[PDB]
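Just one chain is shown here, as structure tokens, and it is the form deposited in one PDB entry.
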């Protein structure tokens, strides 16, 4: 099937994970990186900024060739949000719930 299409389908499932009260997709804060001009402090903290759009592109330019590399990239994406955002805040909650889902997804595939 190829790494990119498999990941593309992973991302689609991820986008259907919805918060239970307001139904917002837990992927929402993870879709793209914040703009560096408007959020310069974020990029002095976060060593490896990571978002969903970069993950998909890295699955078709040779950067990620295995699902384990993809899961590792998702891990630092989640770690950055947990590091940056207060425990119990909605961004932190979305990271935990979305990570739980991707973790279960990687077991059912390899």
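Positions refer to the first chain, counted from 1.
As for the form solved in complex with a partner chain, it is not shown, yet the points below apply to it.
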Complete contact of 34, 41 and 83 with the partner chain in the bound PDB entry (any heavy atom, 4.5 Å):
yes
Does any heavy atom of residue 93 come within 4.5 Å of a heavy atom of the partner chain in the bound PDB entry?
yes
Residue 55 versus the partner chain, in the bound PDB entry: is there a non-hydrogen atom within 4.5 Å?
no
Given that the partner is absent here, does residue 19 sit within 4.5 Å of the partner chain in the bound PDB entry, heavy atoms only?
yes
Should residue 51 be counted as a contact of the partner chain in the bound PDB entry, where contact means heavy atoms within 4.5 Å?
no
